[PDB]
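In the structure tokens that follow, the same protein chain appears in two forms, which are kept apart as structure 1 and structure 2.
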Structure 1
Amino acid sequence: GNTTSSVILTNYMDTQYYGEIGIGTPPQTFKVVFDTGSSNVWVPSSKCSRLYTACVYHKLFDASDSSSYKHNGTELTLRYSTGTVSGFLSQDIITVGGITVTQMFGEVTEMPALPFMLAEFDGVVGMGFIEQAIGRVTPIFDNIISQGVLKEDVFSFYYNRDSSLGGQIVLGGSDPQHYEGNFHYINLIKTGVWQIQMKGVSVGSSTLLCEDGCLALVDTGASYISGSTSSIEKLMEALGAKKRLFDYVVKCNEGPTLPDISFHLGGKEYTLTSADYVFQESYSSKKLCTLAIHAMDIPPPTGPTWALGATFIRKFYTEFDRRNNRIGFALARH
């Protein structure tokens, strides 16, 4: 194998980046987010009660329609920073791009309205390690590496700004049409988790934060940049941003005057400008404009960490390299 599949993605409102897979014989197709922050796959099941609003809006996997279906039945609960889900395990043939794989995957049967009634996607595919997998189930990428078809043991993310391609994941390599310069690489703190050491967070020329270093999760499955609550208190107090309930906001006229936020990863600074993290939904002082940053307390062993989600990955085209356990960033071409 020197094969390199690619999955086209849809950007919805800059917060949801989902693409298509097919499961079963003949193939039942689902939209899913590719999450580097988790290691499981699931979709809603035909067995999800219609009392779940989320279950009525999304598409259901039907085992009884599937001649590739092998039964497992093991229960699970999958807990995400935003939202959780419980169902049961099924084996079926799944395909992603050209690639086809026999995968264990969760058929979901309780699906909370919040946050899922808002999901344009039906499903998720965990792009993380077996160390984070509930049930210790082999994740899908390990499963594709065992095939020995990828020209490289890597997959690369491109995430566009609204709208025309919405984004793209390449399995087996990167797509140059979508970045410039060369990749810079940081090794993983430890194998098991898509997570690197971060040296510092500046707000404008001066290092506000992470002075004696901290952790950074590169998470394709997060719409935003997150930090701990105390890192974000202070970061927002730097930006004069004002806490709403869940979100932070600035008045829209000041949006474009906000300073650069930069992230020191490895031997380089990754810089975000206001155009990258303020939702400029207006320019009027009447109006309030949200920021693509928030507080998200991730518990140990992973946490406390920041997560670098879509806000960052839109700016910097990202490569996850399994063979060498590292992540590459390059500037994205839009």
Structure 2
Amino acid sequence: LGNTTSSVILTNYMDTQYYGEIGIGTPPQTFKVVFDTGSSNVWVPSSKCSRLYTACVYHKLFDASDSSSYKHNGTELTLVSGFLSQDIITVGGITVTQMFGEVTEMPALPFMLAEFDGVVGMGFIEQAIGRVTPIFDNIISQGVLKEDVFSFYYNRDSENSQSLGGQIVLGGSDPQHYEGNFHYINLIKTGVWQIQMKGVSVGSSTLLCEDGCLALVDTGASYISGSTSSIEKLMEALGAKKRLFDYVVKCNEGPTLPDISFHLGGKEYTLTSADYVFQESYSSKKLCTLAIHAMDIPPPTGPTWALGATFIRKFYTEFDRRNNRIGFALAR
């Protein structure tokens, strides 16, 4: 451990994508990336990614020939698909030699939707493709960070202000963006940012996850998600119905929807309807969507709930690698 932290300011796109800048190479080629606890690899699109893929026409491409610190590897990789490479990556004034995927195959679904170019995986080496050492582990190895933790702040989106979209801090947490103190929940096992959940209650009753369930704390996921069956039951409880792609409520009835609490480590983490309905409107004549979706995550990680941006906006989150635990604090 050293005495430094490193932060990266994040752009908030529509409350569904949060991404910041990294540089790859000498000199740095700068990319927008999501910092994703749900995966363990760093990857960006390659200059060799065909224009067949419209995804690779609209994103920043890494040109290895323009970097003097680039070292070839070539090992194939299926994260998207491409090959392994080594270079110097700059993340908020920290520079680290890192192995990353140069993606040469990139289908239009989903990464046409991506306002970002790549992903910096903040998960464990256990889930890394090619057992590549993740970037946080490589930065830990430098012995410069104050603590072996990293933290996420995700802001609510505003049309009336050019405020910060969010912030990741490597090596600590930023007290300007939470209140009170952290309470922690231990990981079920190392290798996955997943914790036991003791119940999910809707207002005045625990209707869900009685007898316990799993919660992946996933900074790369837009929403709170559960299994199709869990969400069907949750939405039934809320009075929401599937419009056709998404679940909606009359925008005027959104403010009357009950609190949803997630029971994590002996504490109740509560979202009010303001925290989970997108009040794009408030009229009795409009429908409003919810920031909670079904997602059937297959084994071995799932079936599981995922606590994504919806949850993180409410609760400032600290990922503690020293102690294999996750800390939450309110706000702000």
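Residue positions are counted from 1 along structure 1's sequence. Heads up, when I say rigid core I mean the largest set of C-alphas that superpose within 1.5 Å between the two forms.
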| property | result |
| --- | --- |
| Conformational change between structure 1 and structure 2, one of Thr29, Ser49, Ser285, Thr53, C-alpha moving 2 Å or more after core fit | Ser285 |
| Exceeds or equals 2 Å, Cα of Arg244 between structure 1 and structure 2, core fit | yes |
| Core-referenced Cα shift (Å), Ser38, between structure 1 and structure 2 | 0.5 |
| Backbone CA shift between structure 1 and structure 2, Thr109, after core fitting (angstrom) | 1.0 |
